[PDB]
Amino acid sequence: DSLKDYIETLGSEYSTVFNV
Amino acid sequence: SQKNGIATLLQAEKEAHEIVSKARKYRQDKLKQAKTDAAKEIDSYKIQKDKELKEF
Amino acid sequence: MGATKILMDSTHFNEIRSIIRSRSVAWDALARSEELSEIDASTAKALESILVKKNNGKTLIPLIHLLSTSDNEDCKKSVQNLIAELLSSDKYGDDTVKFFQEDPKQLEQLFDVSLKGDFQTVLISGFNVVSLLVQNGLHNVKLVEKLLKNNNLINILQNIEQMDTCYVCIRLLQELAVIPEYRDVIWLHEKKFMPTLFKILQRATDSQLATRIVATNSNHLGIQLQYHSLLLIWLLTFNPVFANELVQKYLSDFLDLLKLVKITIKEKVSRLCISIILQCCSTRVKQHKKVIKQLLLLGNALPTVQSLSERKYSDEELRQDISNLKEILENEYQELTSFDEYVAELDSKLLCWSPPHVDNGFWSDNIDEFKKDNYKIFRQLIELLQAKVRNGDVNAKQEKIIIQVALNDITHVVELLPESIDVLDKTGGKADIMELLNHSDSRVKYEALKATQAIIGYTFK
Amino acid sequence: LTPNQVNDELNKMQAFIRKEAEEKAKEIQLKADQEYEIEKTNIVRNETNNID
Amino acid sequence: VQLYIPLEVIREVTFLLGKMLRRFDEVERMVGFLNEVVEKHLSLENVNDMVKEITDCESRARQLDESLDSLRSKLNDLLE
């Protein structure tokens, strides 16, 4: 919930991938 | 839309590069155009010189 | 065709469309009481119906008719907007665009309707004229020159405290600048728009990015405003003469570009700042040696560039500009003869630190050369340091610059050769240095302490 | 958070990434107008000196 | 877990995870020298312009300390 909100609020449309 | 959108943002990064690369290759074409239309301006300037030589 | 694709999806332009569309002006009534004829009103109505749905440029001529004949700003803005909407869309109004373009007459007629009433009016019209000029099937310099000379379009452009006005205006100018021929006429009217373009850029530097304002920050609206201004600039500067002329007039404002690069992360703002400098530093440009000195010295260009080289930006092109600019500034100063530079500064009496003027090597080579009457040139320098302090006082801007430089030069020479010690004593410079410790400003007492320590070391070990 | 909030964040982002590339693309071919005159002008001049 | 951080958002994600190199070894040594002289008597640009005022002040402090102890030695060479 913190990594998802932070990469979207700054623009820069290349999302991260968080696997387990 | 979380797991659809990430795939969409992934696609935009490849398309982003591609727009830039297509403009970087357009540029390269412009350079050849400069050498082509200049090659033509010299032999049209030759006959310009041959025109005022056959007049003299 | 769909003419120009800019100013259709643009946000400031959309804000202006809301005001026009909000309002509903009935043609039918105006036409009936007379201000226009039934045929012009029938066409205008039918025109709305084409745009919203389905399948003319045949419709073009009565709208041109209406615009001219009426004086009423509200109907004319609604007619002009509808014409703009079609012109840009390739889903609605491909045929429209062709109709201007074939016959130059309806463009000159469209130019007529420019410079009329409200500020919104002048934008819309200006947008349509500019769309046909940049299509390569027609061009006229006179339109662009003429539109530039006027009061109303430049007044709208001058204001920057309404985002909408500036945004459109800088874009109209700049779009036209892409085509090589306009660059020459646009430059004639420069002195009017150009300080304002600089004001937006400066304004961005002062307001912190750590916040968000909605006027110009790190958000999309601001990013475009900066970009547009820099792009308009870059375009004129491509011509070799213009670029030399830009540096000499706009010098203060020009130096500010370095600053933009630093505060932004935006690869749009930064690439262009560095690039515009690179063009002016070029070999092609007349008097490039002068501009390079001015930039490096005053604007701190060399130190700023060197720092940049470590912290490069993702895009390659940005990197290329940082590297190429870095090389010219540095190369240029060192590659001039050491003896030349030293003699040139001392004689004219104007002294400033420079890349090879502070190097240990510069002095090492030049010591021997000085000798002509027991190091006559060095002696003249000590004489200059002595002169400045006594005459005209000290802590006056000019005289203070020279002292720090004169004192840097004398330390290196003295530390190098032990015979210099006699020269300080004979001339009487040795005493002058003791006073300089006492004379105000940190750089002055700093330089005096270094000047003293070099002398002491040879007298008493 | 919610599917609406991420969607909004999505339209703004792919817009910035894409717009920025298109604006950079313009800058590359703005520079190509400068190099077209410059090489063409050099190349022509060198030969026209020899032609004269 | 396994993350995948792109190069566009890399410093921001790393500084986020922090709240949830020979260069800065050298600058650590210079800050240590500034800490010894007193005892003896963020974005990438915002770090890049403050490392400049670390270096530009370390240089003048080192040369002014080395022009002070070597002058104290010359003072004691005359007092002896």
# chains A, B, ... in the order shown; residues from 1 in each chain; ligands from 1
$ closest_atom_pairs --of "chain A" --to "chain C" --cutoff "12 Å" --atoms "only C-alpha atoms" --output "tab-separated table"
residue	atom	partner	partner_atom	distance
A:9	CA	C:219	CA	11.2
A:10	CA	C:218	CA	9.6
A:11	CA	C:219	CA	9.5
A:12	CA	C:266	CA	10.9
$ interface_residues --of "chain E" --to "chain A" --cutoff "8 Å" --atoms "only C-alpha atoms" --output "MDAnalysis selection string"
chainID E and resid 1:6 8:9 13
$ write_last_selection --atoms "N, CA and C atoms" --output "compact mmCIF listing (two decimals), in the first residue's frame"
# COMPACT_ATOMS: atom_id res chain seq x y z
N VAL E 1 10.40 -11.35 0.10
CA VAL E 1 9.78 -10.78 -1.08
C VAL E 1 10.85 -10.38 -2.09
N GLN E 2 10.42 -10.07 -3.31
CA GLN E 2 11.30 -9.71 -4.42
C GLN E 2 10.73 -8.47 -5.10
N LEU E 3 11.47 -7.37 -5.04
CA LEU E 3 11.06 -6.15 -5.72
C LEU E 3 11.71 -6.06 -7.10
N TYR E 4 11.19 -5.15 -7.92
CA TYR E 4 11.82 -4.81 -9.19
C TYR E 4 11.71 -3.30 -9.35
N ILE E 5 12.81 -2.60 -9.12
CA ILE E 5 12.83 -1.14 -9.13
C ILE E 5 13.37 -0.69 -10.49
N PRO E 6 12.61 0.09 -11.26
CA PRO E 6 13.16 0.65 -12.51
C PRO E 6 14.19 1.75 -12.25
N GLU E 8 14.10 4.78 -13.43
CA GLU E 8 13.52 6.13 -13.40
C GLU E 8 13.17 6.55 -11.98
N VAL E 9 12.76 5.60 -11.14
CA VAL E 9 12.22 5.86 -9.82
C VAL E 9 13.11 5.26 -8.72
N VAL E 13 12.42 5.19 -4.56
CA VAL E 13 12.03 3.93 -3.92
C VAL E 13 13.03 3.55 -2.83
$ closest_residue --among "C:448, C:423, C:231, C:67" --to "chain D" --atoms "only C-alpha atoms"
C:231
$ residues_around --residues "residue 30 (chain C)" --least-positions-apart "6" --cutoff "10 Å" --atoms "only C-alpha atoms" --output "PyMOL selection string"
chain C and resi 36-38+41+70+72+75
$ interface_residues --of "chain D" --to "chain C" --cutoff "8 Å" --atoms "only C-alpha atoms" --output "VMD selection string"
chain D and resid 16 20 23 to 24 30 33 to 34
$ write_last_selection --atoms "N, CA and C atoms" --output "PDB file, in the first residue's frame"
ATOM      1  N   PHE D  16       1.968  11.419 -18.989  1.00  0.00           N
ATOM      2  CA  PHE D  16       3.226  12.101 -18.783  1.00  0.00           C
ATOM      3  C   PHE D  16       4.407  11.399 -19.547  1.00  0.00           C
ATOM      4  N   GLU D  20       5.919  13.226 -22.760  1.00  0.00           N
ATOM      5  CA  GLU D  20       7.328  13.610 -22.624  1.00  0.00           C
ATOM      6  C   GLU D  20       8.179  13.073 -23.799  1.00  0.00           C
ATOM      7  N   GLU D  23       7.351  15.170 -27.031  1.00  0.00           N
ATOM      8  CA  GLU D  23       7.962  16.484 -26.881  1.00  0.00           C
ATOM      9  C   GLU D  23       9.445  16.489 -27.061  1.00  0.00           C
ATOM     10  N   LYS D  24      10.095  15.374 -26.612  1.00  0.00           N
ATOM     11  CA  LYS D  24      11.514  15.101 -26.878  1.00  0.00           C
ATOM     12  C   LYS D  24      11.752  14.769 -28.283  1.00  0.00           C
ATOM     13  N   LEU D  30      13.720  19.239 -34.436  1.00  0.00           N
ATOM     14  CA  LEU D  30      13.965  20.695 -34.361  1.00  0.00           C
ATOM     15  C   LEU D  30      15.482  20.846 -34.577  1.00  0.00           C
ATOM     16  N   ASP D  33      16.357  20.092 -38.295  1.00  0.00           N
ATOM     17  CA  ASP D  33      16.245  21.295 -39.145  1.00  0.00           C
ATOM     18  C   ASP D  33      17.536  22.109 -39.117  1.00  0.00           C
ATOM     19  N   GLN D  34      18.192  22.274 -37.894  1.00  0.00           N
ATOM     20  CA  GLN D  34      19.463  22.956 -37.817  1.00  0.00           C
ATOM     21  C   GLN D  34      20.594  22.202 -38.543  1.00  0.00           C
TER      22      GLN D  34
END
$ closest_residue --among "B:54, B:40, B:3, B:32" --to "chain A" --atoms "only C-alpha atoms"
B:3
$ interface_residues --of "chain B" --to "chain A" --cutoff "12 Å" --atoms "only C-alpha atoms" --output "PDB file with N, CA and C atoms, in the first residue's frame"
ATOM      1  N   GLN B   2      -5.503  -2.922 -11.097  1.00  0.00           N
ATOM      2  CA  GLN B   2      -4.138  -2.927 -10.595  1.00  0.00           C
ATOM      3  C   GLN B   2      -3.214  -3.737 -11.444  1.00  0.00           C
ATOM      4  N   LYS B   3      -3.668  -4.976 -11.845  1.00  0.00           N
ATOM      5  CA  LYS B   3      -2.861  -5.972 -12.546  1.00  0.00           C
ATOM      6  C   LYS B   3      -3.030  -5.978 -14.059  1.00  0.00           C
ATOM      7  N   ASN B   4      -3.911  -4.972 -14.509  1.00  0.00           N
ATOM      8  CA  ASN B   4      -4.028  -4.643 -15.926  1.00  0.00           C
ATOM      9  C   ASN B   4      -3.260  -3.479 -16.270  1.00  0.00           C
ATOM     10  N   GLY B   5      -3.241  -2.463 -15.361  1.00  0.00           N
ATOM     11  CA  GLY B   5      -2.613  -1.254 -15.559  1.00  0.00           C
ATOM     12  C   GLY B   5      -1.103  -1.253 -15.571  1.00  0.00           C
ATOM     13  N   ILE B   6      -0.526  -2.148 -14.773  1.00  0.00           N
ATOM     14  CA  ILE B   6       0.956  -2.331 -14.592  1.00  0.00           C
ATOM     15  C   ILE B   6       1.503  -2.770 -15.994  1.00  0.00           C
ATOM     16  N   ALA B   7       0.786  -3.715 -16.658  1.00  0.00           N
ATOM     17  CA  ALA B   7       1.062  -4.208 -18.003  1.00  0.00           C
ATOM     18  C   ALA B   7       1.008  -3.156 -19.096  1.00  0.00           C
ATOM     19  N   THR B   8       0.137  -2.178 -18.917  1.00  0.00           N
ATOM     20  CA  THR B   8      -0.103  -0.978 -19.678  1.00  0.00           C
ATOM     21  C   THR B   8       0.962   0.080 -19.598  1.00  0.00           C
ATOM     22  N   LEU B   9       1.470   0.282 -18.322  1.00  0.00           N
ATOM     23  CA  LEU B   9       2.609   1.142 -17.964  1.00  0.00           C
ATOM     24  C   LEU B   9       3.856   0.503 -18.485  1.00  0.00           C
ATOM     25  N   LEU B  10       3.992  -0.851 -18.439  1.00  0.00           N
ATOM     26  CA  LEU B  10       5.114  -1.573 -18.992  1.00  0.00           C
ATOM     27  C   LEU B  10       5.173  -1.299 -20.503  1.00  0.00           C
ATOM     28  N   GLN B  11       3.988  -1.306 -21.231  1.00  0.00           N
ATOM     29  CA  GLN B  11       3.939  -1.121 -22.631  1.00  0.00           C
ATOM     30  C   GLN B  11       4.319   0.260 -23.108  1.00  0.00           C
ATOM     31  N   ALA B  12       3.874   1.323 -22.356  1.00  0.00           N
ATOM     32  CA  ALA B  12       4.236   2.721 -22.491  1.00  0.00           C
ATOM     33  C   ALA B  12       5.678   3.034 -22.436  1.00  0.00           C
ATOM     34  N   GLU B  13       6.470   2.316 -21.586  1.00  0.00           N
ATOM     35  CA  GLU B  13       7.961   2.426 -21.512  1.00  0.00           C
ATOM     36  C   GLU B  13       8.625   1.959 -22.800  1.00  0.00           C
ATOM     37  N   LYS B  14       8.160   0.841 -23.393  1.00  0.00           N
ATOM     38  CA  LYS B  14       8.710   0.360 -24.667  1.00  0.00           C
ATOM     39  C   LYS B  14       8.346   1.367 -25.815  1.00  0.00           C
ATOM     40  N   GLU B  15       7.039   1.850 -25.892  1.00  0.00           N
ATOM     41  CA  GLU B  15       6.518   2.855 -26.798  1.00  0.00           C
ATOM     42  C   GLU B  15       7.183   4.186 -26.617  1.00  0.00           C
ATOM     43  N   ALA B  16       7.455   4.567 -25.350  1.00  0.00           N
ATOM     44  CA  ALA B  16       8.250   5.794 -25.142  1.00  0.00           C
ATOM     45  C   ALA B  16       9.603   5.911 -25.800  1.00  0.00           C
TER      46      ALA B  16
END
$ closest_atom_pairs --of "chain C" --to "chain E" --cutoff "10 Å" --atoms "only C-alpha atoms" --output "CSV"
residue,atom,partner,partner_atom,distance
C:261,CA,E:45,CA,9.2
C:262,CA,E:45,CA,6.0
C:263,CA,E:45,CA,6.8
C:264,CA,E:45,CA,8.4
C:265,CA,E:45,CA,8.4
C:303,CA,E:52,CA,9.2
C:304,CA,E:49,CA,8.8
C:307,CA,E:48,CA,6.8
C:308,CA,E:48,CA,8.1
C:310,CA,E:48,CA,8.7
C:311,CA,E:44,CA,7.2
C:312,CA,E:44,CA,9.9
C:313,CA,E:8,CA,9.7
C:314,CA,E:8,CA,7.7
C:446,CA,E:64,CA,8.0
C:449,CA,E:67,CA,8.1
C:450,CA,E:67,CA,7.0
C:452,CA,E:67,CA,9.9
C:453,CA,E:67,CA,6.8
C:454,CA,E:67,CA,9.1
C:456,CA,E:74,CA,8.4
C:457,CA,E:74,CA,7.7
C:460,CA,E:74,CA,7.4
C:461,CA,E:74,CA,6.5
$ closest_atom_pairs --of "chain D" --to "chain B" --cutoff "7 Å" --atoms "only C-alpha atoms" --output "CSV"
residue,atom,partner,partner_atom,distance
D:3,CA,B:1,CA,5.9
D:6,CA,B:2,CA,7.0
D:7,CA,B:1,CA,6.8
D:10,CA,B:5,CA,6.9
D:14,CA,B:9,CA,6.2
D:17,CA,B:16,CA,6.7
D:18,CA,B:16,CA,5.8
D:21,CA,B:16,CA,5.5
D:22,CA,B:19,CA,6.5
D:24,CA,B:20,CA,6.9
D:25,CA,B:23,CA,5.3
D:28,CA,B:23,CA,6.3
D:29,CA,B:27,CA,5.8
D:32,CA,B:27,CA,5.3
D:36,CA,B:34,CA,5.3
D:39,CA,B:34,CA,6.3
D:40,CA,B:34,CA,4.8
D:43,CA,B:38,CA,7.0
D:44,CA,B:38,CA,5.7
D:48,CA,B:42,CA,6.8
$ select_by_dssp --residues "chain E" --states "alpha helix (DSSP H)" --output "PyMOL selection string"
chain E and resi 10-19+22-40+44-48+50-79
$ residues_around --residues "residue 355 (chain C)" --least-positions-apart "6" --cutoff "10 Å" --atoms "only C-alpha atoms" --output "PyMOL selection string"
chain C and resi 296-297+302+329-334
